[PDB]
Structures are given as C-alpha cells and as structure tokens.
2 protein chains.
Amino acid sequence: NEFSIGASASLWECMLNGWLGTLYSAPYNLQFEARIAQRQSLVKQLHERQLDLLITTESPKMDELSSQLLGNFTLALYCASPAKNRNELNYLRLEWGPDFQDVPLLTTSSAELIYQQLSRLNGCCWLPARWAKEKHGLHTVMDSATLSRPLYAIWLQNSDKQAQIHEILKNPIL
Amino acid sequence: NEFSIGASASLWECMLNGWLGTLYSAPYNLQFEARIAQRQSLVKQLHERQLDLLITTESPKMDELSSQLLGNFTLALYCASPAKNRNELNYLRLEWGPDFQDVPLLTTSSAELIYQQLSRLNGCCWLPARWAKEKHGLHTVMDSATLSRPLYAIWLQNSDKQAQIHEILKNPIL
Ligand SMILES: [Cl-]
Ligand SMILES: [Cl-]
Ligand SMILES: [Cl-]
Ligand SMILES: [Cl-]
Ligand SMILES: [Cl-]
C-alpha cells in the first residue's frame, strides 16, 4: 500500500519535495503519501502504525522509536532589504521545533507563507539559506548569526516496513 | 494575544494567504497565527479553546460550534498536457475533505507539492481553478466535469473572542 512520509509544511516546501521526486526513479516501485501535520500528531501516528516515516529537525521521546541523522542545513535571518538591523523590523516566527526558541505579527509553519507575508509586514524570519538564496528580495539582517538545524528520520523500531524504510533512507535529502 | 486561524496546507496556498494579507490593514490591530494542521486536530483544538477560527470546505460535527458559509470555489481536473483523457494519466490525490472522495502514485494536502510533482508523475489532480489558471502548463483533462467546494468559517459558539471573529469574517475570502 502507500508509504507515508510526514513532516512540517516548511520541510516539504524547502527540501523534501525535491527528495520525494527522486524516490519515483529509485530501484523499487512504491506509491507515496507526503503527509503534512503538526509534530505531536505525526509522533503519535508513528506509535500507532498510522505513519511510516517522520522527517524532523528534533528527535522526540525515543522509547520504541529509531532515528537516523540525515544531515545538517544552515538557517539565516532574512528580510526584504539590504543593510537592516533587527530592531528596524518585525520579527516573524517560522516554527522550527520546540528547542529552537513582543508578540510576532505572524506565526506559521509554512516558509512560503512567511516569505510572501515578509514583504508586506516589514518582517524578518529564520529561513533555510539554500532555499532563501533562490528567492528574490531576501537579504540577511546585519546583526545576525548563521545558525543551523539537524535533519532526522524517525520510525517505529518494530515497523512492519523496516525493509523499505532502510532502502528509502539510502537516497540523500541533503 | 495571537488570533489563530487554522486550515489545510492547500487552502493556505490557494486562497487564504491573500486573505490573511488583507487583515493587517483592517480597522483593528491584531497579531495572527496561520496554523496548518490536519482536520481532526484543528476541530479538537476549537473545542479545547486552542484554535480561534477554522476555515474548511466541510462542516464537522457541530455540537457547541458555529459556522458561517463564506462562499464557493470551482475545482477542475488538471494535467500537464492538452487533449488528454483520464485513462492516459496517473490520478494523484489532493485532499479535499472526507466527503469529496488503483492506489494513487501521490497523496498529499499541499496543492503546490502536487503541482510540482504532477509534471514528473504523468499526473492529474483536482485543483482550485482560479489558482490553477495562474500556473504554467496546466490543462483540464478532457473527460472531466467542473466541480466545486463550499468555504466555511467554524468557531466555538461560546468563544471568548466572538467579537473579533465577527469582525474578521467581514473581510471576504472569495
Ligand atoms: Cl517535521
Ligand atoms: Cl495535525
Ligand atoms: Cl521539524
Ligand atoms: Cl481546512
Ligand atoms: Cl478543507
């Protein structure tokens, strides 16, 4: 049946859509579900055998789960203009997981949504640098560091699809 | 504090991002959360006062909830080529709610994800016609009807923010 991969809207938009595209020419024949849901729902679904694979930047409680570190990607603080300091902007919140972090004018889990809004909310937000570089009108905020996130695959250790999980994770995301 | 609006990834991508943009120049001062989550989580969150407003194409069980019909939008079956019949294509599944509907090669809740994938999966899928028209390389499948969905606002009838819900719903989405 369908192999389900779950992740936040921003991971699908910024990196997993390309990776999923490569799985259709991999040496096997599968149908896929690209599931977009909140972290607590996806983690519960792994335990209930309702989700096959979770991709995330933070490992959850690991009892009865397995994890594999896939890589690491850079994160920078972007705005729509050059030469701006953070105190001249509205800090918008793109969700990056519980451990990553005035009320923000906008909070969301979609990088594309926060990118569209940033140009009309005098905004800045933390975005994946590789994805942000191919957008127009993004400039790093001057008083800011380059940060990063790890990327993990999480699955049920006793999953009935451990064989297919092992082969899918041979295709690199980063 | 933040006013939370919840909807599927596809409603945010196809129509609610523009609507949210108009709320920042409305005659009031609010900060917003554009929440993307699965239907069962958003409905539970309304009941638990964790979500202020749900936008959806299908009314859930309505005990202790209120609803307002906002409008109706057309849905057509699109593929990447002119003059194709559905039996020449791979039918991909974009989620449209429990009542809307071979294993599909792809199933997702993001219209942008299914649009990117459609060009490499010989695919067709049901997309909002207004949004699809501004994309390049989409053509309606020849043997297919134009369908539609209603658009509803759902909220907790006894919400402590009924006043702000009433004013937000005065800004038209469609
Ligand atoms: Cl995730
Ligand atoms: Cl969810
Ligand atoms: Cl994540
Ligand atoms: Cl929805
Ligand atoms: Cl919906």
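Computation of the quantities below employed the complete heavy-atom set of this structure, encompassing side-chain atoms and omitting hydrogens, waters and symmetry-equivalent molecules. Naming convention: chains lettered A, B, ... in sequence-line order (proteins, then strands); numbering from 1 in each chain.
- Residue contact with chain B, scored on non-hydrogen atoms closer than 4.5 Å, is absent for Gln40(A).
- Checked for salt-bridge contact, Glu112(A) and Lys135(A) meet the test: a charged N lies under 4.0 Å from a carboxylate O.
- Ranked by non-hydrogen atom pairs under 4.5 Å with chain A, the options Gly21(B), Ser110(B), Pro104(B) are led by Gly21(B).
- Stacking of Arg86(B) on the aromatic ring of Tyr91(B) is recorded, both the 6.0 Å distance cut-off and the 45° axial limit being met.
- In this structure, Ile114(B) and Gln117(B) have side chains that are not in contact, with every pair of non-hydrogen atoms separated by 4.5 Å or more.
- In this structure, the portion of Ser41(A) lying under 4.5 Å from any heavy atom of chain B is its side chain and not its backbone.
- Formation of a donor-acceptor pair under 3.5 Å by the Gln101(A) side chain with backbone atoms of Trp96(A) is not found in this model.
- With chain B as the partner, the residue from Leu113(A), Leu30(A), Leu20(A), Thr108(A) showing the most heavy-atom pairs under 4.5 Å is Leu113(A).
- Both the backbone and the side chain of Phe32(A) come within contact range of chain B, each with at least one heavy atom under 4.5 Å from a heavy atom of that chain.
- Around NZ of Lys44(B), the count of heavy atoms belonging to other residues, nucleotides or ligands within 6.0 Å does not exceed 12.
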